[PDB]
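Listed next as structure tokens is one chain, alone, in the form deposited in one PDB entry.
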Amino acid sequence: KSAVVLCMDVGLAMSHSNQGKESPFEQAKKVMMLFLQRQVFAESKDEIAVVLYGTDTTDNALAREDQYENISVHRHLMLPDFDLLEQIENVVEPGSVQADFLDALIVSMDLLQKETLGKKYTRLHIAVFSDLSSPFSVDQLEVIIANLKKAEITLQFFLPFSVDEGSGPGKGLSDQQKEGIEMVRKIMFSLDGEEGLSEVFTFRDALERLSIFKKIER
């Protein structure tokens, strides 16, 4: 059994609808719903948590004055069940603010650390869905990375646009998004070198890649 956190950006920028027929928020929610439906119908034993960042309210164990704001734990580390699909397609609404994705990553790591205590897993995994529009602080990032390594948590990033060599003409990414892309690459290379950079995907590939990974003895 895997332990997986779906760490979903629901910030205001995700609502802006200008490619295709669906906003980044709608695309990401659709992927999440399809993934959870597959897991339920297949009676998978993987446990799946859901953390939202960019939510108007705050609900997480680390939240205090000016810390880990606008991050909400929507689903704890449990088996997905039929009843959750309804719960997801009702309490996943777009937020009106932005939040710090490294704060959201820490909340997700803390969730895994507490809720995997005393149990055996094939892997511990965090999958981030975001357009990287929101500012973030790199304070103590080196400790975040150290702890990801120590706990043997792997990371995957899913973005609504390509960033690889075939990405083609420019997509009008903001400087903040370009900074977010660069920091994602630094994090993934810190964790697994060139192979980690390969774990940055688009929304279009997310449903299928969420299941694929390299086995590492724990």
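Only the largest set of C-alpha atoms that superpose within 1.5 Å between the two forms is called the rigid core. Start at 1 with the first residue shown and count on from there.
FYI, the form deposited with a partner chain bound isn't displayed, but the following is about it.
Engineer: Can you pick out, from 88, 127, 77, 73, the residue that has a heavy atom within 4.5 Å of its partner chain in the bound PDB entry?
Structural biologist: For this set of options, the contacting one is 127.
Engineer: Tell me whether 40, 51 and 81, taken together, all sit within 4.5 Å of its partner chain in the bound PDB entry, counting heavy atoms only.
Structural biologist: Not a single listed residue reaches its partner chain in the bound PDB entry, so no.
Engineer: Should residue 60 be classed as touching its partner chain in the bound PDB entry when contacts are defined as heavy atoms within 4.5 Å?
Structural biologist: No - in the bound PDB entry, heavy atoms of residue 60 and its partner chain never come within 4.5 Å of each other.
Engineer: Hey, in the bound PDB entry, does residue 8 get a heavy atom within 4.5 angstroms of its partner chain?
Structural biologist: Contact with its partner chain, no.
Engineer: Could you confirm whether residue 156 comes within 4.5 Å of its partner chain in the bound PDB entry, counting heavy atoms only?
Structural biologist: Residue 156: contacts its partner chain in the bound PDB entry.
Engineer: Just checking whether residue 13 would be counted as a contact of its partner chain in the bound PDB entry - the rule being heavy atoms within 4.5 angstroms.
Structural biologist: Outside the cut-off, so no.
Engineer: Given a cut-off of 2 Å on Cα movement between the shown form and the other one, rigid core as reference, pick the single residue from 124, 88, 148, 77 that exceeds or meets it.
Structural biologist: Result of the superposition: 88 is the only one at 2 Å or more.
Engineer: Once the core is aligned, please say if the CA of residue 198 is shifted by at least 2 angstroms between the shown form and the other one.
Structural biologist: Superposed on the core, residue 198 moves its C-alpha less than 2 Å between the shown form and the other one.
Engineer: Superposed on the rigid core, does the Cα of residue 207 end up 2 angstroms or more away between the shown form and the other one?
Structural biologist: Where the cores coincide, residue 207 still shows a C-alpha shift between the shown form and the other one that is 2 Å or more.
Engineer: Given that the distance between the C-alpha atoms of residue 21 and residue 179 changes by 3 Å or more in the bound PDB entry, do they end up closer or farther than here?
Structural biologist: Residue 21 and residue 179 sit closer together in the bound PDB entry.
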